[PDB]
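Here's the letter readout for the chains.
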2 protein chains.
Amino acid sequence: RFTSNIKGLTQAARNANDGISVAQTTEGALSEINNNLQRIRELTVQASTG
Amino acid sequence: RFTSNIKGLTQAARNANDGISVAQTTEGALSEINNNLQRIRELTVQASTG
């Protein structure tokens with residue numbers, strides 16, 4: 001039973017590592033989208049002037 | 001009567017030895033069946049992740 005438990009826990013640890021990886025990828029993409037929206041806000045602030 | 005008894009007991013001991021043999025063989029086979037099921041459990045724990 002202990003062998004089963006330790007093998008399962010190790011594999012679950014690797015799975016959690018993969019989860020951290022996918023979270024990192026999504027966060028990087030979102031950070032870039034944030035930069036793009038920031039530049040769009042620059043352009044809006046400039047264009048609002050008459 | 002004593003001679004008949006001692007011969008019978010000797011043959012009985014030999015039979016019990018044969019029984020120990022068959023039990024050992026069965027236990028070895030069951031041991032590796034357990035090993036394979038353990039690996040299956042590890043694989044399933046891996047496969048449960050999304």
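Residues numbered from 1 in each chain as written, not as in the entry; some residues may be left out. Chains lettered and ligands numbered in written order. Part of a larger assembly, values for the part shown. Heavy atoms only, no water.

Structure determination for this PDB entry was carried out by cryo-EM, with a resolution of 4.2 Å recorded in the header.

Within the PDB entry, the label attached to chain A reads Flagellin, and the organism entered is Escherichia coli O127:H6.

A. Seen up close, the overall build of chain A. Secondary structure summary: chain A contains one helix and zero strands in total. Each principal axis of the C-alpha atoms in chain A carries an extent, and together these give about 75 × 10 × 5 Å. Across the 50 residues that make up chain A, the buried fraction comes to 8%. As displayed, chain A offers around 4500 Å² of accessible surface, 54% of which is attributable to carbon and sulfur atoms. Charged side chains in chain A number 5 positive and 4 negative. The centres of these two groups are separated by 14 Å. (Helix = DSSP H or I, 4+ residues; strand = E, 2+ residues; numbered from the N terminus. Buried < 20%, exposed > 50% of the residue type's maximum accessible area, 1.4 Å probe, protein only. Areas by Shrake-Rupley, 256 points an atom, 1.4 Å probe, with all protein chains shown as cover. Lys, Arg positive; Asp, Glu negative; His and termini not counted. Charge placed at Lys NZ, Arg CZ, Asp CG, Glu CD.)

B. Structural view of the interface of chain B and chain A. Contacts between the two partners involve six residues from chain B and, on the opposite side, seven residues from chain A. Between chain B and chain A, a total of about 690 Å² is buried, with carbon and sulfur atoms accounting for 49% of that surface. The largest contributions to the chain B side of the interface with chain A come from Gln38(B), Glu42(B) and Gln46(B), which together make up 60% of the buried area. Our enumeration of links across chain B and chain A arrives at zero salt bridges. Partitioning the side of chain B that touches chain A into residue classes produces one nonpolar, three polar and two charged. (Contact = heavy atoms within 4.5 Å. Buried area = accessible area lost by both parts, 1.4 Å probe. Salt bridge = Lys/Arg side-chain N within 4 Å of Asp/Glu carboxyl O. Nonpolar A, V, L, I, M, F, W, Y, C, P; charged D, E, K, R; others polar.)

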